[PDB]
J.: 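Right, I'll just put the structure down here and ask away after.
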Amino acid sequence: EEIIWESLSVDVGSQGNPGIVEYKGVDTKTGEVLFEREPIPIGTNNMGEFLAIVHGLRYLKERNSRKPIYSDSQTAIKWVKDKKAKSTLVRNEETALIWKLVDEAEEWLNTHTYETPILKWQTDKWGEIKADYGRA
RNA sequence: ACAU
DNA sequence: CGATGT
Ligand SMILES: [Cl-]
Ligand SMILES: [Cl-]
Ligand SMILES: [Cl-]
Ligand SMILES: [Mg+2]
Ligand SMILES: [Mg+2]
Ligand SMILES: [Rb+]
Ligand SMILES: [Rb+]
Ligand SMILES: [Rb+]
Ligand SMILES: [Rb+]
Ligand SMILES: [Rb+]
Ligand SMILES: [Rb+]
């Protein structure tokens, strides 16, 4: 119903899907950019949305913050819940980097604990997520 | 259908 | 119009 303003919002951005993938996290209240991943030459939207949430988890844990995370990715929310990124992207030489980061993200999920709520950003009611890359 |  | 995913 209402936006939890005391929160972190994340989102992927891409050039092509599959294509060049990046992501970032912002303070929901102010839009301040809190982290940004350097672009990855080939990945999918869902892999980047997944990496963005996991990075958010690590970021908040390191800072002893109990803020929730907003994501507008139904897929990535489920993947993080499952601790398993069910991407269809081919594993080959040119996708090695994104797949390494996804594999390492799952590994982190499987070796650490967190209570961070991971919440659906309700775009239909609230407009676009504040971490969005005005590209779509 | 939904995330879009 | 094309894509990745449930
Ligand atoms: Cl990452
Ligand atoms: Cl919450
Ligand atoms: Cl969801
Ligand atoms: Mg998104
Ligand atoms: Mg977006
Ligand atoms: Rb900590
Ligand atoms: Rb966008
Ligand atoms: Rb957009
Ligand atoms: Rb669509
Ligand atoms: Rb969206
Ligand atoms: Rb579809």
Side-chain angles (χ1 to χ4, degrees):
Chain A
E1 170 83 70
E2 288 217 316
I3 297 165
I4 298 166
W5 289 102
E6 189 176 313
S7 69
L8 168 76
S9 294
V10 302
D11 198 27
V12 74
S14 92
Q15 302 166 240
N17 186 29
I20 297 168
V21 163
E22 64 195 296
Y23 63 79
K24 70 182 188 267
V26 305
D27 190 297
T28 304
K29 183 148 44 177
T30 67
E32 181 192 359
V33 178
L34 303 175
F35 54 84
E36 276 191 287
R37 167 69 212 199
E38 173 183 295
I40 299 143
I42 301 180
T44 68
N45 62 332
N46 291 325
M47 296 170 87
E49 296 273 26
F50 173 80
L51 295 176
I53 298 174
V54 180
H55 195 91
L57 291 173
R58 304 179 65 166
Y59 178 90
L60 297 172
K61 184 179 184 69
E62 178 73 16
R63 291 162 180 75
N64 296 308
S65 176
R66 289 173 51 81
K67 286 168 177 194
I69 295 171
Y70 278 111
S71 163
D72 69 8
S73 172
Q74 188 182 94
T75 299
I77 291 177
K78 181 177 189 294
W79 285 0
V80 174
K81 190 183 186 176
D82 296 340
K83 303 185 171 192
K84 192 60 193 173
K86 204 174 168 194
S87 178
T88 69
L89 181 70
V90 67
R91 284 188 186 258
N92 62 26
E93 305 99 318
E94 61 182 10
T95 69
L97 171 55
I98 190 83
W99 267 118
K100 177 171 185 285
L101 292 171
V102 166
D103 287 350
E104 288 168 353
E106 295 180 345
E107 182 59 32
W108 187 91
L109 291 172
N110 282 332
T111 49
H112 300 76
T113 66
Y114 47 89
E115 292 167 51
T116 309
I118 294 162
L119 305 178
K120 170 182 173 165
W121 181 262
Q122 294 183 62
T123 307
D124 59 346
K125 297 172 200 173
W126 301 336
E128 208 74 12
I129 194 169
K130 294 192 75 177
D132 181 46
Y133 294 77
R135 311 178 174 170

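Every heavy atom of this structure was used, including side-chain atoms; hydrogens, water molecules and symmetry mates were not. All chains are named by letter (A, B, ...) in the order of the sequence lines, taking the proteins before the strands, and each is independently numbered beginning at 1.
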J.: Name every residue in residues 92-109 of chain A that has at least one heavy atom under 4.0 Å from any atom of DNA chain C, in order of residue number, or write none if there are no such residues.
T.: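 The answer is none.
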J.: Using 0.5 Å steps for rounding, measure from the CD1 atom of A/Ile118 to the CG atom of A/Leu8.
T.: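 It is 10.5 Å, given to the nearest 0.5 Å.
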J.: For A/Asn17 versus A/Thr44, what's the shortest heavy-atom pair and its separation?
T.: OD1-CA, 3.4 Å
J.: Find every protein N or O atom lying less than 3.5 Å from an N or O atom of nucleotides 1-4 of chain B, and list the pairs.
T.:
| residue | atom | partner | partner atom | Å |
| --- | --- | --- | --- | --- |
| B/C2 | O2' | A/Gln74 | NE2 | 2.7 |
| B/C2 | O2 | A/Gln74 | OE1 | 3.3 |
| B/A3 | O4' | A/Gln74 | NE2 | 3.3 |
| B/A3 | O3' | A/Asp72 | O | 3.1 |
| B/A3 | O2' | A/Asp72 | O | 2.7 |
| B/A3 | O2' | A/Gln74 | N | 2.9 |
| B/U4 | OP1 | A/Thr123 | OG1 | 2.6 |
| B/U4 | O4 | A/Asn45 | ND2 | 3.2 |

J.: To the nearest 0.5 Å, what is the distance between CZ (A/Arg66) and CD (A/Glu6)?
T.: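 With rounding to 0.5 Å, CZ (A/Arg66) is 11.0 Å from CD (A/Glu6).
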J.: Members other than A/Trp121 in its cluster, when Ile, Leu, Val, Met, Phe, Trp, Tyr link by side-chain heavy atoms under 4.5 Å?
T.: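 So far as hydrophobic clustering goes, A/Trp121 is joined with A/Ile3, A/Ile4, A/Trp5, A/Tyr70, A/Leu119, A/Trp126, A/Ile129.
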J.: Between A/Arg135 and A/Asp11, is there a side-chain N and carboxylate O pair less than 4.0 Å apart?
T.: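 Salt bridge absent between A/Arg135 and A/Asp11.
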J.: Other than A/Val33, what residues sit in its cluster of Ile, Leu, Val, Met, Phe, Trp and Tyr side chains whose heavy atoms are under 4.5 Å apart, directly or through others?
T.: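 Direct or chained contacts put A/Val33 with A/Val26.
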J.: Just N and O in the side chain of A/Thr44: are any of them under 4.0 Å from OP1 or OP2 of C/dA3?
T.: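 For C/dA3, OP1/OP2 do not have a side-chain N/O of A/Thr44 under 4.0 Å.
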J.: Determine, for A/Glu104 against A/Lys100, whether the closest basic-nitrogen to carboxylate-oxygen distance falls under 4.0 angstrom.
T.: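 Salt bridge: yes.
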J.: Any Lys/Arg nitrogen of A/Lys84 or A/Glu106 sitting under 4.0 Å from an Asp/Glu carboxylate oxygen of the other?
T.: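 So A/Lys84 pairs with A/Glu106 through a salt bridge.
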J.: Does atom NZ of A/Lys83 have more than 12 heavy-atom neighbours, drawn from other residues, nucleotides or ligands, at distances under 6.0 Å?
T.: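 Above 12, so yes.
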J.: Just checking A/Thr88: base, sugar-phosphate only, or nothing, at a heavy-atom cut-off of under 4.0 Å?
T.: sugar-phosphate
J.: Looking at A/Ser14, does any N or O in its side chain come under 4.0 Å of the phosphate oxygens OP1/OP2 on C/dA3?
T.: no
J.: Can you name the ring pair (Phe, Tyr, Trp, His ring centres under 6.0 Å) partners of A/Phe35, sequence neighbours left out?
T.: A/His55, A/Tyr59
J.: Nearest whole Å is fine: how far is C/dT6 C1' from A/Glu49 CD?
T.: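 Taking atom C1' of C/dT6 as the reference, CD of A/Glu49 is at 14 Å.
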J.: If pairs are Watson-Crick or G-U with both distances under 3.5 Å, what is the dot-bracket string of DNA chain C, marking crossing pairs with [ ] and pairs to another strand with |?
T.: ...|||
